[PDB]
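Visitor: Let me give you the structure first, and then I'll get to my questions.
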Amino acid sequence: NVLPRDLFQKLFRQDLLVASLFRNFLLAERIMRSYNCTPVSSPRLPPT
Amino acid sequence: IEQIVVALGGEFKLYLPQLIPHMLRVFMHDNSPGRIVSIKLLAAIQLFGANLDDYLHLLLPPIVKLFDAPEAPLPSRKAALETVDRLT
């Protein structure tokens with residue numbers, strides 16, 4: 001719902017392990033945010 | 001307060017609920033000349049950061065009443081508006 005369709009299929013459909021890492025990255029972004037921490041990704045994602 | 005927030009950071013949200021009752025009383029009855037003690041407390045709220053998540057519903061109505069009150073002086077209204085800008 002948040003990412004543009006192009007970048008979704010790039011990361012979440014190409015290969016399983018990357019898709020799993022980014023899936024779990026969204027959880028990291030939420031948890032670490034609550035401790036004045038911001039995770040960083042190379043293809044910049046909008047805040048989910 | 002501003003120094004405790006920068007020191008603890010994420011861990012401040014455990015202690016913030018104790019301070020909230022006093023901060024809400026400050027807005028209700030501030031007799032400070034030009035409400036400069038209110039302006040200072042706004043500048044503090046800017047530092048609070050993502051701590052305010054669970055308590056924003058408490059702090060925001062006072063801030064909203066502050067910048068919408070016409071009786072209140074313009075400096076204190078700009079300070080409230082700039083605070084909402086930062087917190088956004």
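We label chains A, B, ... in the order they appear in the structure tokens, count residues from 1 in each chain, and number ligands from 1 in the order shown.
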What lies within 12 Å of residue 11 in chain B using only C-alpha atoms, ignoring chain neighbours under 4 positions off, as a list in words?
Guide: residues 34, 35 and 36 of chain A; 4, 5, 6, 7, 15, 16, 48, 49, 50, 51 and 52 of chain B
Visitor: For the selection you just gave me, I'd like the residues written to a file as a PDB file, in the first residue's frame, keeping N, CA, C and O atoms.
Guide:
ATOM      1  N   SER A  34      11.043   4.206  18.376  1.00  0.00           N
ATOM      2  CA  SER A  34      10.670   4.484  19.760  1.00  0.00           C
ATOM      3  C   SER A  34      11.866   4.625  20.685  1.00  0.00           C
ATOM      4  O   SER A  34      11.656   4.736  21.901  1.00  0.00           O
ATOM      5  N   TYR A  35      13.098   4.636  20.180  1.00  0.00           N
ATOM      6  CA  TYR A  35      14.276   4.862  21.007  1.00  0.00           C
ATOM      7  C   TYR A  35      15.218   5.847  20.326  1.00  0.00           C
ATOM      8  O   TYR A  35      16.444   5.708  20.395  1.00  0.00           O
ATOM      9  N   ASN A  36      14.649   6.866  19.678  1.00  0.00           N
ATOM     10  CA  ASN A  36      15.407   7.875  18.936  1.00  0.00           C
ATOM     11  C   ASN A  36      16.429   7.237  17.995  1.00  0.00           C
ATOM     12  O   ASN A  36      17.591   7.642  17.929  1.00  0.00           O
TER      13      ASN A  36
ATOM     14  N   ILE B   4      17.001  16.748  30.742  1.00  0.00           N
ATOM     15  CA  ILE B   4      16.646  15.352  30.981  1.00  0.00           C
ATOM     16  C   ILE B   4      16.211  14.671  29.685  1.00  0.00           C
ATOM     17  O   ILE B   4      16.496  13.488  29.467  1.00  0.00           O
ATOM     18  N   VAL B   5      15.535  15.406  28.801  1.00  0.00           N
ATOM     19  CA  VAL B   5      15.043  14.807  27.562  1.00  0.00           C
ATOM     20  C   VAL B   5      16.201  14.426  26.645  1.00  0.00           C
ATOM     21  O   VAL B   5      16.225  13.327  26.078  1.00  0.00           O
ATOM     22  N   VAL B   6      17.175  15.323  26.482  1.00  0.00           N
ATOM     23  CA  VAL B   6      18.336  14.990  25.661  1.00  0.00           C
ATOM     24  C   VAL B   6      19.168  13.890  26.313  1.00  0.00           C
ATOM     25  O   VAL B   6      19.787  13.077  25.614  1.00  0.00           O
ATOM     26  N   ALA B   7      19.207  13.841  27.646  1.00  0.00           N
ATOM     27  CA  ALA B   7      20.006  12.831  28.331  1.00  0.00           C
ATOM     28  C   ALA B   7      19.408  11.439  28.157  1.00  0.00           C
ATOM     29  O   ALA B   7      20.084  10.511  27.698  1.00  0.00           O
ATOM     30  N   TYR B  15       8.755   8.506  32.291  1.00  0.00           N
ATOM     31  CA  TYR B  15       8.595   9.502  33.342  1.00  0.00           C
ATOM     32  C   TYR B  15       7.718  10.678  32.933  1.00  0.00           C
ATOM     33  O   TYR B  15       7.194  11.371  33.812  1.00  0.00           O
ATOM     34  N   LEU B  16       7.568  10.921  31.632  1.00  0.00           N
ATOM     35  CA  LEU B  16       6.726  12.012  31.146  1.00  0.00           C
ATOM     36  C   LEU B  16       5.317  12.042  31.739  1.00  0.00           C
ATOM     37  O   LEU B  16       4.852  13.145  32.078  1.00  0.00           O
ATOM     38  N   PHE B  48      10.990  16.891  22.979  1.00  0.00           N
ATOM     39  CA  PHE B  48      10.404  15.628  23.430  1.00  0.00           C
ATOM     40  C   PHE B  48      10.438  14.563  22.339  1.00  0.00           C
ATOM     41  O   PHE B  48      10.662  13.380  22.622  1.00  0.00           O
ATOM     42  N   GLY B  49      10.235  14.965  21.087  1.00  0.00           N
ATOM     43  CA  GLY B  49      10.325  14.059  19.960  1.00  0.00           C
ATOM     44  C   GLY B  49       9.304  12.936  20.024  1.00  0.00           C
ATOM     45  O   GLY B  49       8.184  13.093  20.522  1.00  0.00           O
ATOM     46  N   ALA B  50       9.707  11.774  19.506  1.00  0.00           N
ATOM     47  CA  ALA B  50       8.844  10.599  19.425  1.00  0.00           C
ATOM     48  C   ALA B  50       8.416  10.058  20.787  1.00  0.00           C
ATOM     49  O   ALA B  50       7.660   9.083  20.855  1.00  0.00           O
ATOM     50  N   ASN B  51       8.890  10.670  21.874  1.00  0.00           N
ATOM     51  CA  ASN B  51       8.347  10.347  23.190  1.00  0.00           C
ATOM     52  C   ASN B  51       6.872  10.711  23.291  1.00  0.00           C
ATOM     53  O   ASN B  51       6.110  10.029  23.987  1.00  0.00           O
ATOM     54  N   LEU B  52       6.450  11.778  22.609  1.00  0.00           N
ATOM     55  CA  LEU B  52       5.101  12.309  22.763  1.00  0.00           C
ATOM     56  C   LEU B  52       4.039  11.439  22.101  1.00  0.00           C
ATOM     57  O   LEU B  52       2.849  11.726  22.267  1.00  0.00           O
TER      58      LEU B  52
END
Visitor: May I have the residues within 9 Å of residue 26 in chain B as a PyMOL selection string, using only C-alpha atoms and disregarding those fewer than 5 positions away in the same chain?
Guide: chain B and resi 21+37-38+41
Visitor: Would you save the residues from that selection as a PDB file, in the first residue's frame, using N, CA and C atoms?
Guide:
ATOM      1  N   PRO B  21       0.636  16.391  34.308  1.00  0.00           N
ATOM      2  CA  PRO B  21      -0.303  17.224  35.086  1.00  0.00           C
ATOM      3  C   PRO B  21       0.177  18.644  35.349  1.00  0.00           C
ATOM      4  N   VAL B  37       6.875  31.942  29.918  1.00  0.00           N
ATOM      5  CA  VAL B  37       7.060  30.605  30.471  1.00  0.00           C
ATOM      6  C   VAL B  37       6.341  29.569  29.619  1.00  0.00           C
ATOM      7  N   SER B  38       5.245  29.961  28.967  1.00  0.00           N
ATOM      8  CA  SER B  38       4.601  29.076  28.002  1.00  0.00           C
ATOM      9  C   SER B  38       5.488  28.864  26.782  1.00  0.00           C
ATOM     10  N   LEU B  41       8.107  26.411  27.496  1.00  0.00           N
ATOM     11  CA  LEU B  41       7.607  25.041  27.553  1.00  0.00           C
ATOM     12  C   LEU B  41       7.305  24.482  26.167  1.00  0.00           C
TER      13      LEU B  41
END
Visitor: Just to confirm, what's the straight-line distance from CA of residue 8 in chain A to CA of residue 32 in chain A in Å (one decimal)?
Guide: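 Spanning CA of residue 8 in chain A to CA of residue 32 in chain A is a straight-line distance of 22.7 Å.
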Visitor: Please determine, counting only C-alpha atoms, which residue among A:7, A:45, A:17, A:2 has the shortest atom-to-atom distance to residue 29 in chain A.
Guide: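 Using only C-alpha atoms, the shortest distance to residue 29 in chain A belongs to A:45.
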Visitor: Any idea what the distance is between CA of residue 11 in chain A and CA of residue 41 in chain A?
Guide: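 Computing the Euclidean distance for CA of residue 11 in chain A and CA of residue 41 in chain A yields 11.7 Å.
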Visitor: If we count only C-alpha atoms and set the cut-off at 12 Å, which residues sit around residue 84 in chain B, ignoring sequence neighbours fewer than 3 positions away in its own chain? Please answer as a PyMOL selection string.
Guide: chain B and resi 42-43+45-47+49+56+59-64+66-67+77-81+87-88
Visitor: Just give me the gap between CA of residue 19 in chain B and CA of residue 71 in chain B in Å, one decimal is fine.
Guide: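 Going from CA of residue 19 in chain B over to CA of residue 71 in chain B covers 26.9 Å.
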Visitor: Considering only C-alpha atoms, can you say which of B:58, B:23, B:53, B:36 comes closest to chain A?
Guide: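 Under the stated criterion, the closest residue is B:53.
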Visitor: When you count only C-alpha atoms, which of these residues is closest to chain B: A:47, A:33, A:39, A:5?
Guide: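 With only C-alpha atoms as the atom set, the closest residue is A:33.
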Visitor: From a DSSP calculation on the backbone, collect every residue of chain A in alpha helix (DSSP H) and output the set as number ranges by chain.
Guide: A: 5-12, 16-33
Visitor: Could you turn the residues from that selection into a file that holds N, CA, C and O atoms, as an mmCIF file, in the first residue's frame?
Guide:
data_model
loop_
_atom_site.group_PDB
_atom_site.id
_atom_site.type_symbol
_atom_site.label_atom_id
_atom_site.label_comp_id
_atom_site.auth_asym_id
_atom_site.auth_seq_id
_atom_site.Cartn_x
_atom_site.Cartn_y
_atom_site.Cartn_z
ATOM 1 N N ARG A 5 4.446 0.495 -7.033
ATOM 2 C CA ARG A 5 4.406 -0.879 -7.531
ATOM 3 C C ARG A 5 5.756 -1.335 -8.072
ATOM 4 O O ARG A 5 6.164 -2.483 -7.858
ATOM 5 N N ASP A 6 6.454 -0.452 -8.794
ATOM 6 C CA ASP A 6 7.749 -0.809 -9.368
ATOM 7 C C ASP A 6 8.729 -1.254 -8.290
ATOM 8 O O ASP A 6 9.337 -2.327 -8.389
ATOM 9 N N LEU A 7 8.898 -0.438 -7.249
ATOM 10 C CA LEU A 7 9.883 -0.739 -6.216
ATOM 11 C C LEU A 7 9.454 -1.910 -5.341
ATOM 12 O O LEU A 7 10.311 -2.575 -4.750
ATOM 13 N N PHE A 8 8.149 -2.175 -5.250
ATOM 14 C CA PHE A 8 7.671 -3.329 -4.493
ATOM 15 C C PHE A 8 8.131 -4.635 -5.129
ATOM 16 O O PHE A 8 8.711 -5.496 -4.458
ATOM 17 N N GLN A 9 7.875 -4.801 -6.429
ATOM 18 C CA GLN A 9 8.294 -6.014 -7.125
ATOM 19 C C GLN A 9 9.811 -6.146 -7.181
ATOM 20 O O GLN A 9 10.330 -7.265 -7.281
ATOM 21 N N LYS A 10 10.536 -5.028 -7.130
ATOM 22 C CA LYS A 10 11.994 -5.090 -7.095
ATOM 23 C C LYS A 10 12.492 -5.770 -5.825
ATOM 24 O O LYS A 10 13.361 -6.647 -5.876
ATOM 25 N N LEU A 11 11.955 -5.375 -4.672
ATOM 26 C CA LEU A 11 12.469 -5.821 -3.382
ATOM 27 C C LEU A 11 11.693 -6.991 -2.793
ATOM 28 O O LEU A 11 12.298 -7.899 -2.217
ATOM 29 N N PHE A 12 10.368 -6.994 -2.924
ATOM 30 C CA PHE A 12 9.516 -7.958 -2.243
ATOM 31 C C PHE A 12 9.096 -9.127 -3.122
ATOM 32 O O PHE A 12 8.344 -9.990 -2.659
ATOM 33 N N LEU A 16 13.480 -14.268 -2.344
ATOM 34 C CA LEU A 16 12.819 -14.450 -1.053
ATOM 35 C C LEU A 16 13.573 -13.755 0.076
ATOM 36 O O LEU A 16 12.972 -13.046 0.892
ATOM 37 N N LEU A 17 14.892 -13.955 0.145
ATOM 38 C CA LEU A 17 15.658 -13.496 1.302
ATOM 39 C C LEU A 17 15.628 -11.977 1.430
ATOM 40 O O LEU A 17 15.447 -11.441 2.529
ATOM 41 N N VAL A 18 15.825 -11.266 0.317
ATOM 42 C CA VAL A 18 15.697 -9.810 0.334
ATOM 43 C C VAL A 18 14.299 -9.405 0.789
ATOM 44 O O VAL A 18 14.135 -8.534 1.651
ATOM 45 N N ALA A 19 13.271 -10.025 0.202
ATOM 46 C CA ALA A 19 11.896 -9.736 0.600
ATOM 47 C C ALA A 19 11.685 -9.970 2.091
ATOM 48 O O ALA A 19 10.977 -9.202 2.754
ATOM 49 N N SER A 20 12.289 -11.028 2.637
ATOM 50 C CA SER A 20 12.185 -11.287 4.069
ATOM 51 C C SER A 20 12.900 -10.213 4.880
ATOM 52 O O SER A 20 12.395 -9.776 5.921
ATOM 53 N N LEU A 21 14.078 -9.783 4.423
ATOM 54 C CA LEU A 21 14.820 -8.750 5.140
ATOM 55 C C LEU A 21 14.046 -7.438 5.185
ATOM 56 O O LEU A 21 13.970 -6.791 6.236
ATOM 57 N N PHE A 22 13.466 -7.028 4.055
ATOM 58 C CA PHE A 22 12.710 -5.779 4.031
ATOM 59 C C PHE A 22 11.405 -5.898 4.808
ATOM 60 O O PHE A 22 10.970 -4.931 5.444
ATOM 61 N N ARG A 23 10.752 -7.062 4.747
ATOM 62 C CA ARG A 23 9.598 -7.310 5.605
ATOM 63 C C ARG A 23 9.946 -7.066 7.069
ATOM 64 O O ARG A 23 9.236 -6.348 7.780
ATOM 65 N N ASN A 24 11.046 -7.661 7.534
ATOM 66 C CA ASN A 24 11.462 -7.487 8.920
ATOM 67 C C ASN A 24 12.073 -6.114 9.165
ATOM 68 O O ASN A 24 12.109 -5.659 10.313
ATOM 69 N N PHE A 25 12.557 -5.451 8.112
ATOM 70 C CA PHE A 25 13.062 -4.088 8.248
ATOM 71 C C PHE A 25 11.959 -3.126 8.674
ATOM 72 O O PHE A 25 12.196 -2.215 9.475
ATOM 73 N N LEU A 26 10.750 -3.303 8.133
ATOM 74 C CA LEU A 26 9.628 -2.454 8.523
ATOM 75 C C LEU A 26 9.344 -2.551 10.018
ATOM 76 O O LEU A 26 8.970 -1.558 10.652
ATOM 77 N N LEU A 27 9.513 -3.741 10.599
ATOM 78 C CA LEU A 27 9.352 -3.882 12.042
ATOM 79 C C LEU A 27 10.479 -3.185 12.794
ATOM 80 O O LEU A 27 10.244 -2.557 13.833
ATOM 81 N N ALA A 28 11.711 -3.298 12.292
ATOM 82 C CA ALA A 28 12.838 -2.602 12.907
ATOM 83 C C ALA A 28 12.611 -1.095 12.921
ATOM 84 O O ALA A 28 12.848 -0.429 13.937
ATOM 85 N N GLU A 29 12.174 -0.539 11.787
ATOM 86 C CA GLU A 29 11.877 0.889 11.702
ATOM 87 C C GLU A 29 10.911 1.335 12.793
ATOM 88 O O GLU A 29 11.093 2.397 13.399
ATOM 89 N N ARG A 30 9.873 0.538 13.055
ATOM 90 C CA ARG A 30 8.891 0.906 14.070
ATOM 91 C C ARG A 30 9.490 0.848 15.470
ATOM 92 O O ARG A 30 9.330 1.784 16.263
ATOM 93 N N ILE A 31 10.178 -0.247 15.795
ATOM 94 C CA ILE A 31 10.686 -0.433 17.152
ATOM 95 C C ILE A 31 11.780 0.583 17.457
ATOM 96 O O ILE A 31 11.746 1.266 18.488
ATOM 97 N N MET A 32 12.771 0.691 16.569
ATOM 98 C CA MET A 32 13.903 1.577 16.820
ATOM 99 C C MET A 32 13.487 3.043 16.863
ATOM 100 O O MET A 32 14.095 3.835 17.592
ATOM 101 N N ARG A 33 12.480 3.428 16.070
ATOM 102 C CA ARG A 33 11.909 4.771 16.167
ATOM 103 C C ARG A 33 11.576 5.148 17.606
ATOM 104 O O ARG A 33 11.811 6.287 18.028
#
